[PDB]
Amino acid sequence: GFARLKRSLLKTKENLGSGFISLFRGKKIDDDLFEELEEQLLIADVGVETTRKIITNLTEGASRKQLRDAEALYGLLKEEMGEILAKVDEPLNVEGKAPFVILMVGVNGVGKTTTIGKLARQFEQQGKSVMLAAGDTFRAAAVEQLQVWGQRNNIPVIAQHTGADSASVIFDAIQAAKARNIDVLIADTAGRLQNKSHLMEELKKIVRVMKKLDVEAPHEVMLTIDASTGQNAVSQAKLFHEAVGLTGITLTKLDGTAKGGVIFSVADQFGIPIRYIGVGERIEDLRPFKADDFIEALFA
C-alpha cells in the first residue's frame, strides 16, 4: 500500500525504515551494530541528540531482553521512531472563527507561498471563504505574484505599497476579513534571514498589532520548512520558535530528497504538531500529517 507515499520517501527509505533491513540481516547485536545504526541515522539527518535518544533506548531495551538477532531490532525501531511522530500528529482545525488567522512564518524559497496557495484552495474546496494578506511587503515581485494568483483563483488578497509596514497590512487584512465574513485569513510574512533580530521584532510587532482587533489571533502560527534542507530546517525551526511561539509546522518537499529523516528531529526537539507534509506538486499533495501512514510507508 501507500504506493505514492513510498515513492515520495524512496530516497528517505534508503537509510530509514526498510533501509534498516539490509543493515540487520545476519548480524549480532553488539557495539559494531549500534555504531553502524547510529551512523545510518545521522546520515538521514535524524540529528545528533535524537539519534542519541533512539540508540540509547534501543540498546537498553535490547540488552534487557537480550535479543539475539539484529533483525529483531527492526520492530523495536519501528516502535521507537513511530512514537516520536505520534507526538506531533495533531491535524489543523480552522473551524469556528471569523476569521481563523494563520500567520505563515519561515524563510523564502522553502515553499511557504506554495503552501499558502495550496491551503487556500483546500479551504475553498471545503466550502469556506479565504482571504490572503501579502505581509511580505518589501518584495514587490512576491506581492504581485500573490495578487495575480488571487485574481486567477478568485480569492481576495490584501496588499499595500512596496515597503509598507507588514503589521499595518495584516491589521487592514483582519479588518477586511471580519467585514466580509471570511472564514480563514492566511497572512504571509517576510522570509529574509539577514538580520535575525529585526525579523523577529517584526513578527512580534505583527502579533501585538493583531491583538488590537482579535486577542485570539493569530489562531495558528504555522512555520514552513523544507525537508531537502536537512538540519537547516531544524535551526530555522528553533529560530522562529524562540521569537513568536509556533503552533504548527508544514514540512514540504519530502519527495525527491533523502533528508526526510529530519522530520524525526523536528518532531523530537520541539514537539510542535506537524500539520501538513508536502509530498508532491498537486494541491492534494499537501497532505495532513498522519504519523502511522508515514511510518508504515517508511518501514515497509
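In this text, residue numbers run from 1 along the sequence as written.
Once the C-alpha B-factors are averaged per stretch, 22-30 and 41-49 rank with 22-30 first. The mean C-alpha temperature factor is higher for 1-9 when 291-299 and 1-9 are set side by side.
Within the selection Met210, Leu185, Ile155, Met104, the deposited Cα B-factor values reach their highest point at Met210.
Per the PDB entry, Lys78 shows the highest C-alpha temperature factor of the residues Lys78, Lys118, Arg139, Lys112. Remark: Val169 belongs to the lowest third of its chain, ranked by C-alpha B-factor as recorded. Ranked by Cα temperature factor within the chain, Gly61 sits in the highest third according to the deposited record. Ranked against the other modelled residues of its chain, the C-alpha B-factor of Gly248 as given in the entry falls in the lowest third.
Per the deposited record, the Cα B-factor of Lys178 falls in the lowest third when ranked against the other modelled residues of its chain. Ranked within its chain, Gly82 lands in the lowest third, by CA B factor from the PDB record.
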